[PDB]
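Positions of Cβ are generated from backbone atoms using ideal geometry, with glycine treated the same way; all protein chains shown enter the neighbour counts. Since every read-out is calculated from the coordinates, none of them should be taken as a lab result.
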Amino acid sequence: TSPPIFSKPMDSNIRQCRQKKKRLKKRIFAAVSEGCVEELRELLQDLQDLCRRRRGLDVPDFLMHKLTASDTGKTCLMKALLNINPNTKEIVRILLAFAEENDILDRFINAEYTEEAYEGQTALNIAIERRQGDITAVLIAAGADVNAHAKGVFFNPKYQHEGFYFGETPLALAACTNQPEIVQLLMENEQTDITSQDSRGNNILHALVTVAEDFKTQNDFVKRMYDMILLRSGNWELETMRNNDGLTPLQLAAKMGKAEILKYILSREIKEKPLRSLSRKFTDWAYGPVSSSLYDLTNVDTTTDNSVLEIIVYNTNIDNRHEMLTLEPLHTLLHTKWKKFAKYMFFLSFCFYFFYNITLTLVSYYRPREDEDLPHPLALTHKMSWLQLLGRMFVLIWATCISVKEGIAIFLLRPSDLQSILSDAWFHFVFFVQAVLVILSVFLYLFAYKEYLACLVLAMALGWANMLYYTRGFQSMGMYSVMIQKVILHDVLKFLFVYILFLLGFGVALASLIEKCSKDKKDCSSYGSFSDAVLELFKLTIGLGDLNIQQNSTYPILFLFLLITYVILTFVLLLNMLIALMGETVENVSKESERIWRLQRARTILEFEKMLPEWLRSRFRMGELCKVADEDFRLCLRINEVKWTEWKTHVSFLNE
Amino acid sequence: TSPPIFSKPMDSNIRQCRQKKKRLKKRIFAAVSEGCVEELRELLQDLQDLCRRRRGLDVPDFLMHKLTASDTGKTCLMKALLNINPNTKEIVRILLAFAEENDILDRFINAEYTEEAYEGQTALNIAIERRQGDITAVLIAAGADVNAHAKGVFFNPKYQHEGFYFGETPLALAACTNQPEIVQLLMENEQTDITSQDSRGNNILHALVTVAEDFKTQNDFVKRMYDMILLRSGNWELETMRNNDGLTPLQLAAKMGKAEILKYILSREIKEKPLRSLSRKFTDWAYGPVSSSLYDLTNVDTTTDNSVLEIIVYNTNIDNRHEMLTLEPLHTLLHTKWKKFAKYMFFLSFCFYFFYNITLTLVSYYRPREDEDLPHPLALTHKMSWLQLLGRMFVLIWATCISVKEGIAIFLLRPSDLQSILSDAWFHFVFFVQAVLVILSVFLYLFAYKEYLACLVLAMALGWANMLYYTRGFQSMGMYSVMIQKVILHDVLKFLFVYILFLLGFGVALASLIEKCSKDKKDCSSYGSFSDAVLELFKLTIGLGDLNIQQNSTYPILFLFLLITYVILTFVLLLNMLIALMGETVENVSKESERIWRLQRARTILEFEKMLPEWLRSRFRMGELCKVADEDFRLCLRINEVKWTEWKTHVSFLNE
Amino acid sequence: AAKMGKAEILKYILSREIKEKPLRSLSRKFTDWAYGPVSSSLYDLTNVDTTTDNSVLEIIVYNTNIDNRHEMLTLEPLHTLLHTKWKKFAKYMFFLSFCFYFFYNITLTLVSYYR
Ligand SMILES: CCCCCCCC/C=C\CCCCCCCC(=O)O[C@@H](COC(=O)CCCCCCCCCCCCCCC)COP(=O)([O-])OCC[N+](C)(C)C
Ligand SMILES: CCCCCCCC/C=C\CCCCCCCC(=O)O[C@@H](COC(=O)CCCCCCCCCCCCCCC)COP(=O)([O-])OCC[N+](C)(C)C
Ligand code: NA
């Protein structure tokens, strides 16, 4: 979006527009940047000769105070590794030779910035970045600590952009930057503690998830370097370590939205002998096209919180969702729930809520409308032993079940779901106000304010408008509720803005040309008030009003000019762009409507699972226990899938 | 669609979560799976030493009872050929060495499952599947019967998916799996009986049809392996053997819908000397572009039942039909019938049925409408010697010819044709009810119930609506009847569902705001009843009613709010999506309308052929007799086709 | 280059960097530090900004017969120097015109309609 702002840059080439201490520092920092090799041995010989004319037991502290910048913590060796020259291999040798003779060596190698913006960045981070593996091998031989954590403002941005975040450790920098050979050069060195956490709490595997691309692209160098480090560890320690916000690297993969690393993590099978337990897919038999598989689902099903099925559905800012739902343990565990408990509970809602409106409509439409007997037609009003009184009791007790439950569902809703049609925020607002106006019509009848009938008529209106919610069961009618809502909130709300300006504008312009015919008693014009003349232009938009242009008004030609100017501007011009602008939109819905429906069916599957007791939820608890190795008890989900179109491709290529 | 369910898997690697007999069996079945070669010779030496401490003449039965699983019939050698190792070549030698010393050998080789799900699967089937031709040559040298039929639940699925079906024989498994070299290795072995039938009755050639793809694709390994086996046989025995359901492999090719094998089978020409009779296309002379050909049509024309011209037209679930009709003996034998008997009989129906409605309309419209003389205007009612009485007799006798014949055509109609526009199921339902209401109007006039005129008016309505059927003769008007029926049953029936909810909803909502003006005697509102207020909203949809909003009703502002809320919801919003959703549909018809018309003309060609006597059908019997070889009498169809655009391509490449 | 409309030579002339020793001054783009993806740059803008007449930002906007304009506005010293002006003085002055001219018509309409 917008570029960031950093105060001091990391290394500057351009000069911007005591002295003996100023004489000697800058001549070292400049000469190390172009790499004059003779100039290094001149200054450093005089520098140790300078420090002899200084108090002992404070001579190493004065020595580094020459070598260091004052405002930033950068030393001499850091600028050398930044500014690459052919003369680097000589001056690195001398800067290691000068550190040997004194006690400065351990202080010199592990130097970091003390600057607030770039803190912690050691010399070993700089050698890895510039594609210099051989200076990196010497700094390891010099004894640089490989657990160096560079916590800083620049190394921890608050957004995705405005910074660079890799994991604050030299092993994560090696793997994110497409550098294979440095990784085994660091991992086979036994002093490297792999399992260690940064300021965010991430280990090595969380970082590689955050540097991927969700699209399937040409090269996937964050995917293969994820794999090389995992097998070399050979344990479940890197997989199940959980960060500060309580996510594992599979649960983080669904959170960020990376839809290609996540396809790998489900479908791992390693079939060699010592590396057997790392697999999450187990194939037990195959025969031609047919193959059976046992998926793991230890953290996929909803038996625990923050499951990777719950994260995909209920969370937006995940841009691509439907490409994640079509994965194999995710597609089956929605479809297997649909045939067992979920298709009947959606049917029982449509039976009661359609029998709720028939009981509401007949009560209001056949009510006593005479003043001599005006009961409330609901809630019995009296004691008459009237027929069908299992109905009027049924309206009121179901009106509280809708009011309270959606009133809970209003509150427990994040601000992310308010701004998208993909989320069902809009239906909890329309079912709720239908429950309010019913119980208010009993509440306003009782206190005798006597506006009760207006709220009950609006209750019968929205009571049949919300029957369009239950069309999301079919596929042929499920697209027709989505395609309406992609037309209203996109385009039609841009139409009713501009059309008001032409309605408001000519509304006063025609009202000012008449003198009041209510003084004339004839009511000759229908354009008397502003509220009348606006209405007579609305009938001229649909085609309902009549051009009674024989008019006893001041300047009747100008009154006839503006009516023709109105019809050209808004009947042929604006209303036939709205057909031409909806035509772009409806074709853009029809290609991708089948994806949006399967999401909005997969939201009411997981809601009806949460409305279950614990025994009945565990009655439909899918999966069995398995023993796939020595000392192992895992969960399984047998899928006997068959692949005709893929098997013919594999067997055809093998001969030729 | 949905995956299948099988009880016991074929071979399991994963353990699920007397003892001396339990001690020795599992140590054989495990050691044969990883292939420790020393462990085999330890157990089998002790096993024959174990059987000596057992009753003689029951020693081989006890021996196999160790080697076999109890619940399934799988033996030791089957798990070896499944679990491929580098140590298979040793343990196959020893398992053949151990079978030699006893009388177990013939029992050991031909072992099958006795399991219900996987019955009949021998060891020779398993060696072919794992791409192991060399173990297959040894098992033939061991003496495995090649006629092994594996009838089973898994080897015979009821659908296309949920199983694997290849033909239940090791020759069909060799050919379906893209394995050329094993085929001649089985066919040149003289013990292989090629002509043999499975549970479905199929021979070798029926199976290869059922494993193809109807699309023309990159590789066609089921097409070439069909050809290699046919010439090596060199006889008409494999072609004309007919299965249990009475189809030949050409008639089965049209039934399943495979449209690429079928193109090959028509156009075969083999021009070598001993292989001459197998061809179905005969070229006698050619000269540049022009070439003449004699097609075979022994089982193509409709002179016998289940002809391959009758199967394509009258049967659906064949997805692609029009790509099959454009083949060369199928395209000519429809077009040659169109110029001889079929274009006149379609003309004679349009002449009579248009002269049937003029006689019907003039009789009803110029009837005696006075009460002083009210005859039935048809069927003479009297004896007056009235003029033009060759007309009223003509209506009634033709009304029975329509009623009975379509009433036969109602019954003899499969449930497959009821669910598609491609089938003419809908026209037999509308011509039939037009014949009923005419003969009922004479039947209801006679018994003096006196509702006769209502049925006769509906008879005049559908009598001109069915004249849209006879537009299928032209091409310019033939698309316009198809494009109507792809708009009604797709989209408009989804419109009249949602529009009812907005009509039903505001119908009660506006009816509840008025007190009954029939008590006021003025009839001031047109919104009195529910049946009135729904009608006044229907006129506001087209543009016919008038917004008489000056209304003496309770809360007149809310009555004015809902009318504007109705017009926005359904005149600008819903009715202009229906134009925008028909626009997707009509362009999707216009590209493929020319294909759907040629099918619906090719249905009334074969119907008018069935309405012929035997002499007049044999009068137009196409084709002559031929003698294309020694002792041969076949049918022929000479086509002198010319190919300019193909001949220029062939002759241009030949120089360069 | 902006006058005639040539939109490919102009992309080169902005983004020249020569890093050899005697040929240093000819560059109009200066890179001072980079680290992985992040890179900083100093553009020249001696004749790009509107501090003088016939600037190459004024020629692109106010002159037609330049067929392709929007491919020229997306260049890097031209895209930033429009967006940086939008957050400092330009978005408020467009807001003050919409406030006065909408309060100009309400004062006009009420005066004529209630006359
Ligand atoms: C498909 C939809 C599009 C079709 C629209 C086609 C365009 C319009 C089509 C037809 C317009 C109607 C023509 C009839 C004229 C009325 C009669 C009349 O009064 O005569 C008057 C002259 O005529 C006028 O000057 C009338 C004033 C406006 C008429 C149109 C002018 C331009 C409209 C806006 C231009 C575009 C604005 C927007 C730009 C995009 C003189 O009257 P009189 O001398 O006093 O005596 C006559 C007696 N009488 C009054 C009883 C008769
Ligand atoms: C191209 C098609 C689209 C264009 C449509 C554009 C939108 C509509 C365009 C124009 C609407 C017509 C305006 C005229 C008002 C009537 C006069 C009146 O009664 O004044 C009343 C105020 O006004 C009202 O409140 C009337 C009630 C509803 C009017 C519209 C409200 C929102 C409609 C639904 C919103 C969207 C719902 C669906 C969401 C998608 C007050 O009356 P009074 O104080 O008692 O005294 C006046 C005396 N008299 C009554 C005799 C006059
Ligand atoms: Na119209």
- If you count, for every residue in B:503-513, the Cβ atoms of partner chains within 10 Å of its Cβ, what is the mean? 6
- Note on the structure: Given backbone amide H placed at 1.01 Å from N, residues whose amide H is under 5 Å from that of A:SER292, ignoring those fewer than 5 places away on the same chain, are A:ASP284, A:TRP285
- Among B:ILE94, B:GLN45, B:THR68, whose Cα lies farthest out toward the positive end of the dipole of the stretch B:25-96, if unit charges sit on the beta carbon of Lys, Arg (+1) and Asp, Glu (-1)? B:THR68
- Query: Rounded to whole Å and sorted largest first, what semi-axes of the equivalent ellipsoid does the C-alpha gyration tensor of the protein assembly as shown yield via the square root of 5 times each eigenvalue?
  - Reply: 68, 61, 37
- For the cross-link pairs A:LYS591/B:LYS486; B:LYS255/B:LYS405; B:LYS281/B:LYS643; B:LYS74/B:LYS151, which exceed 21 Å when the distance is taken from alpha carbon to alpha carbon? B:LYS255/B:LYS405
- Using only atoms on other chains, find how many Cβ atoms lie within 10 Å of each Cβ of peptide B:545-554 and report the average. 2
- Item | Other protein chain Cβ atoms within 10 Å, averaged over every residue that makes up B:572-578 | 5
- Farthest positive-ward along the protein assembly as shown dipole, Cα basis, beta-carbon charges - from B:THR541, B:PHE354, A:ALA509: A:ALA509
- Over the Cα atoms of chain B, Rg to Rh with Kirkwood Rh, two decimal places? 1.14
- Rounded to the nearest 20 debye, dipole of the stretch A:257-338 from Cβ charges on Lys, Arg, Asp, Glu: 260 debye
- Query: Taking the alpha-carbon centroid of each part, what is the distance from the stretch B:291-324 to the stretch A:1-67 in angstrom?
  - Reply: 94 Å
- Task: Mind listing the long-range amide H neighbours of C:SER40? Cut-off is under 5 Å, sequence gap 5 or more, other chains count too, H placed in the peptide plane at 1.01 Å from N.
- Result: C:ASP32, C:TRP33
- Note on the structure: So the compactness index of the stretch A:278-405, its C-alpha Rg divided by 2.2 N^0.38 Å, takes the value 1.84
- Task: Quickly rank B:426-437, A:113-124 as a protection proxy: mean count of other C-beta atoms within 10 Å, highest first.
- Result: A:113-124, B:426-437
- Query: Considering the stretch A:490-611, what Rg and Dmax in Å follow from its alpha-carbon atoms?
  - Reply: 22.6, 71
- Note on the structure: Taking only C-alpha positions in the stretch B:255-294, Rg and Dmax in angstrom work out to 12.8, 38
- Among B:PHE608, B:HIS382, B:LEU333, pick out the residue whose Cα is farthest towards the positive end of the charge dipole of chain B, where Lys and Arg carry +1 and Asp and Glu carry -1 on C-beta, about the Cα centre. B:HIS382
- May I ask for the equivalent-ellipsoid semi-axes of chain C, computed as the square root of five times each C-alpha gyration tensor eigenvalue and listed largest first in whole Å? 43, 18, 11
- Which cross-chain or sequence-distant (5 or more) residues have an amide H under 5 Å from the amide H of A:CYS636, H modelled 1.01 Å from N in plane? A:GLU624
- Note on the structure: Among A:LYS627/B:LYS25; A:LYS339/B:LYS158; A:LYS158/C:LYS21, the pairs whose Cα-Cα distance exceeds 29 Å are A:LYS158/C:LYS21
- Item | Karplus-derived 3J(HN,Hα), 6.51/-1.76/1.60, for each residue of the stretch B:548-563, Hz, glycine and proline x | 7, 8, 5, 9, 8, 9, 6, 6, x, 6, 5, 5, 8, 5, 6, 5
- Task: Work out the length of the dipole vector of the stretch C:43-115 about its Cα centre, built from +1 on the beta-carbon of each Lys and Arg and -1 on the beta-carbon of each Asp and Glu, and round it to the nearest 20 debye.
- Result: 620 debye
- With Cα atoms, 0 to 90° folded angle of helix C:76-85 axis to chain C main axis: 30 degrees
- Message: What's the magnitude of the charge dipole for the protein assembly as shown around its Cα centre, counting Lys and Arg as +1 and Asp and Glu as -1 at the beta-carbon? Answer in Debye, nearest 20.
- Response: 1600 debye
- P(r) weight above 20 Å for the stretch B:110-261, C-alpha pairs, percent: 49 percent
- Query: Tell me, what HN-Hα J-couplings in whole Hz come from the Karplus equation 6.51 cos²θ - 1.76 cosθ + 1.60 at θ = phi - 60° for each residue of the stretch A:246-262, using x for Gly and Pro?
  - Reply: x, 10, 9, x, 7, 6, 6, 5, 7, 5, 5, x, 6, 9, 10, 5, 6
- Residue by residue, what Karplus-based ³J(HN,Hα) values in Hz, rounded to whole numbers, does the stretch C:28-37 have, using 6.51, -1.76 and 1.60 with θ = phi - 60° and x for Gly and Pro? 10, 10, 10, 9, 9, 7, 8, 7, x, x
- Note on the structure: Helix-only [θ] at 222 nm, chain B, -39500 (n - 2.57) per DSSP H run of 4+, per residue, nearest 500, equals -15500 deg cm²/dmol
- Message: At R0 = 60 Å, how high is the FRET efficiency between A:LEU563 and A:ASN306 if r is their beta carbon distance? Nearest 0.05 is fine.
- Response: 0.40
- Item | Tilt relative to chain C, helix C:91-113 - C-alpha long axis, 0 to 90 degrees, to 10 | 20 degrees
